[PDB]
Amino acid sequence: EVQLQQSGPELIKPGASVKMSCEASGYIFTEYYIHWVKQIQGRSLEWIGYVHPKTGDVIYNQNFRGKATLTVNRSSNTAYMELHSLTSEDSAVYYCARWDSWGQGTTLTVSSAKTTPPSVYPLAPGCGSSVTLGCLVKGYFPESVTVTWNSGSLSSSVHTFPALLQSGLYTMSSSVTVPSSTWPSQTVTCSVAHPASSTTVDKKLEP
Amino acid sequence: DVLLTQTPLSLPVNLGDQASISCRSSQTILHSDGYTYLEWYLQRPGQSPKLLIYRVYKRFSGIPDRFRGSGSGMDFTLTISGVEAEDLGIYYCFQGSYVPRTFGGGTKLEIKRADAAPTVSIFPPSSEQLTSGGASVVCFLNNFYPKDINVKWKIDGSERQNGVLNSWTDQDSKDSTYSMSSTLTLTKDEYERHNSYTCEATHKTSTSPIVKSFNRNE
């Protein structure tokens with residue numbers, strides 16, 4: 001039924017601007033308001049404003065006046081939000097939402113640092129009886145990466161540790177625990193995907 | 001602006017028991033049209049917020065009857081009875097009676113379980129890594145409960161604090177445990193001037209720490 005499709009993630013220099021979209025489908029676009037919400041660190045939520053779709057009128061949160069500009073394209077069933085004079089404080093996940101359904105969110109990173117592909121190193125036991133393996137994803141930018149173990153066959157016994165900052169770049173890791181029977185008799189592989197740099201790294205962990 | 005304050009910040013609860021979340025506003029949410037536009041949202045990890053309750057009590061379509069909303073004026077309550085495993089997440093209250101519209105800070109529901117000691121695995125720096133001039137020693141502390149835990153690194157028997165970075169997972173959705181990763185990053189030169197590297201996990205499941213170490217010469 002109702003669905004809001006948001007534009008992809010953004011990496012923008014400080015001081016520049018950016019416009020993200022919110023395509024609606026499955027209902028009459030002119031009948032319902034489209035709100036824009038900012039979420040900080042996946043927790044704190046802030047309402048930015050909504051736009052009268054037919055008349056184009058907009059109701060703003062005063063704290064976002066001069067920072068956000070809400071528009072609509074009635075023809076394409078799309079709502080737009082433009083953020084001006086970006087600073088690192090504007091780095092957040094931005095949602096567009098009807099009263100009924102929310103969009104999947106648009107991640108915005110405001111930084112002068114450029115897209116950095118990750119270094120991937122295996123984590124194998126040195127020189128009972130479950131064996132924990134891992135892969136260290138170090139020095140990438142920006143978020144995010146996805147570590148897939150054995151094409152997804154191993155999912156229940158996986159720990160994805162959230163990324164932290166290290167020397168201005170992100171570092172994360174991922175563990176998998178398997179029966180000592182499984183490895184190294186059978187192959188265990190981590191697949192690191194970093195879409196921002198169009199990179200996929202596959203590591204076959206060796207004893 | 002109207003401020004929404006939720007209590008508690010974190011709600012540990014057993015499965016099948018009743019959880020209650022408070023939402024207090026600095027001003028009355030009763031609008032001039034006679035309606036009270038207070039809503040409740042749930043955000044599971046990795047997902048967008050989903051609507052649970054609107055206009056104080058009205059359940060959204062597809063929301064089970066164990067979620068109940070109540071209140072008026074400046075005091076509102078979300079009750080869950082009884083808690084299921086899929087209810088894990090953060091619950092927000094939201095008012096739409098004023099401009100600007102404001103959210104509560106969020107209440108993190110937490111599933112209680114029996115105490116579990118962490119499983120500690122230490123990993124020497126990969127040989128692939130030493131070509132870059134640096135060395136990261138990784139220590140995994142997986143599947144422990146409760147979430148409060150302490151990691152201490154030792155190099156040749158002496159505590160090391162410089163170069164330690166830690167990351168904590170959210171509560172696991174299947175076994176309700178927590179995991180943690182600790183990384184000691186040194187230069188290659190310093191890493192090779194020392195022999196034994198130790199990862200010590202201090203957890204309430206024992207008055208003594210769990211010690212996992214390795215000797216670089218082995």
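The basis for the numbers below is simple: all heavy atoms, side chains too, and nothing from hydrogens, waters or symmetry mates. First the proteins, then the strands, lettered A, B, ... as listed; each starts at 1.
The shortest non-hydrogen separation linking B:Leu88 to B:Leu109 is CD1-O, 3.2 Å. The two atoms that bring B:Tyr197 and B:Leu184 nearest to each other are CD2-CD2, 4.3 Å, heavy atoms only. Looking at every heavy atom in both residues, A:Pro53 comes nearest to A:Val72 through O-CG2, 3.7 Å. Here the shortest heavy-atom pairing between A:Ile12 and A:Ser17 reads CG2-O, 3.8 Å. Residues A:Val58 and A:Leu70 approach most closely at CG1-O, 3.5 Å, considering heavy atoms. Of all heavy-atom pairs between A:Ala163 and A:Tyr170, the closest is CB-CD2, 4.1 Å.
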Do B:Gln27 and B:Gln95 pass the side chain to side chain donor-acceptor pair (under 3.5 Å) test, and can you show the C-alpha distance, the side-chain angles, and the key distance before you say yes or no?
CA-CA 11 Å; B:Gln27 300 179 25; B:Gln95 61 90 12; over 6 Å; no

With side-chain contact (heavy atoms from CB on, under 4.5 Å) as the test, would you mind laying out the steps for B:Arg55 and B:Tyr35 before giving the verdict?
CA-CA 7 Å; B:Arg55 257 181 277 134; B:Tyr35 289 89; 3.7 Å; yes

Stepwise, does the ring-ring contact (aromatic ring centres under 6.0 Å, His included) test hold for B:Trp40 with B:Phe76?
CA-CA 10 Å; B:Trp40 286 98; B:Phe76 304 89; 8.2 Å; no

Would you please test B:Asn166 and B:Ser182 for side chain to side chain donor-acceptor pair (under 3.5 Å) and show each step?
CA-CA 5 Å; B:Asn166 301 323; B:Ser182 186; 2.7 Å; yes

Could you please spell out the steps behind the side-chain contact (heavy atoms from CB on, under 4.5 Å) verdict for A:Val188 and A:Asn150?
CA-CA 6 Å; A:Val188 176; A:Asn150 281 16; 4.2 Å; yes

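Other residues, nucleotides and ligands place more than 12 heavy atoms under 6.0 Å from the CZ atom of B:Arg113. Atom CD of A:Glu1 is surrounded by 12 or fewer heavy atoms from other residues, nucleotides or ligands within 6.0 Å. In this structure, B:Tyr98 places its OH atom where more than 12 heavy-atom neighbours from other residues, nucleotides or ligands lie under 6.0 Å away.
Listed by first and then second residue, the salt bridge (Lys or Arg N to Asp or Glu O under 4.0 Å) pairs that reach into residues 62-76 of chain A are A:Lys67-A:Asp90, sequence neighbours excluded.
A cation-pi arrangement is absent between A:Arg43 and B:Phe103 under the rule of less than 6.0 angstrom and at most 45 degrees off the ring axis. For the pair A:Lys38 and A:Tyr94, the cation-pi test (distance below 6.0 Å, angle within 45°) is failed.
Panel note: side chain A:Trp47, backbone B:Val99; no donor-acceptor pair is recorded below 3.5 Å. For B:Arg160 (side chain) and B:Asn162 (main-chain N/O), a donor-acceptor pair under 3.5 Å exists by modelled atom type. B:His203 contributes a side-chain N or O that, together with a main-chain N or O of B:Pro146, makes up a donor-acceptor pair within less than 3.5 Å. Side-chain N or O atoms of B:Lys212 include one that pairs as donor or acceptor with a backbone N or O of B:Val120 at under 3.5 Å. With B:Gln6 contributing its side chain and B:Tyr91 its backbone, the two residues share a donor-acceptor pair below 3.5 Å. Looking at B:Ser97, its side chain does come within 3.5 Å of a backbone N or O of B:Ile29 through a donor-acceptor pair.
Judged by distance alone, the side chains of A:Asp202 and A:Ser191 do bring a donor and an acceptor atom under 3.5 Å apart. Checking A:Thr69 against A:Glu82 by side-chain atom types alone, no donor-acceptor pair falls below 3.5 Å. Using a 3.5 Å distance cut-off with no hydrogens or angles, the side chains of A:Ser197 and A:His194 do pair a donor with an acceptor. There is no side-chain donor-acceptor pair under 3.5 Å between A:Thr177 and A:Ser157. Side-chain atoms of B:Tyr41 and B:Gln43 form no donor-acceptor pair, as typed in the model, at a separation below 3.5 Å. Side chains of A:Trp149 and A:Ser174: a donor on one and an acceptor on the other come within 3.5 Å. No hydrogens or angles considered: a donor-acceptor pair under 3.5 Å links the side chains of A:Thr106 and A:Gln6. Donor-acceptor pairing under 3.5 Å is lacking for the side chains of A:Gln3 and A:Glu23.
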Exercise answer: donor-acceptor pairs, residues 135-144 of chain B side-chain atoms, under 3.5 Å, sequence neighbours excluded:
unit_1: B:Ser136; atom_1: OG; unit_2: B:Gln129; atom_2: OE1; d: 3.1
unit_1: B:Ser136; atom_1: OG; unit_2: B:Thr185; atom_2: OG1; d: 3.0
unit_1: B:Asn142; atom_1: ND2; unit_2: A:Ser175; atom_2: OG; d: 3.4
unit_1: B:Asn143; atom_1: OD1; unit_2: A:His159; atom_2: NE2; d: 2.8
unit_1: B:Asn143; atom_1: ND2; unit_2: B:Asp175; atom_2: OD2; d: 2.9
unit_1: B:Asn143; atom_1: ND2; unit_2: B:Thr177; atom_2: OG1; d: 3.2

Validation: residues 9-21 of chain B side-chain donor-acceptor distances under 3.5 Å, sequence neighbours left out:
none

Just distance, no hydrogens or angles: give the donor-acceptor pairs under 3.5 Å from side chains in residues 108-121 of chain A, sequence neighbours left out.
unit_1: A:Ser111; atom_1: OG; unit_2: A:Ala113; atom_2: N; d: 3.1
unit_1: A:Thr116; atom_1: OG1; unit_2: A:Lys114; atom_2: O; d: 2.9

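Ring orientation note: the planes of A:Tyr27 and A:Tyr32 are nearly perpendicular, at an angle over 60° on the 30°/60° scale.
Contacts of B:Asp33 classified as side-chain hydrogen bond (donor to acceptor under 3.5 Å, both in side chains), with partners at least two apart in sequence or in another chain: B:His31, B:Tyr37. The ring-ring contact (aromatic ring centres under 6.0 Å, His included) check on B:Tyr145 picks up nothing, with sequence neighbours excluded.
Rounding to the nearest 0.5 Å places CD1 of B:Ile63 at 5.0 Å from CG of B:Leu52.
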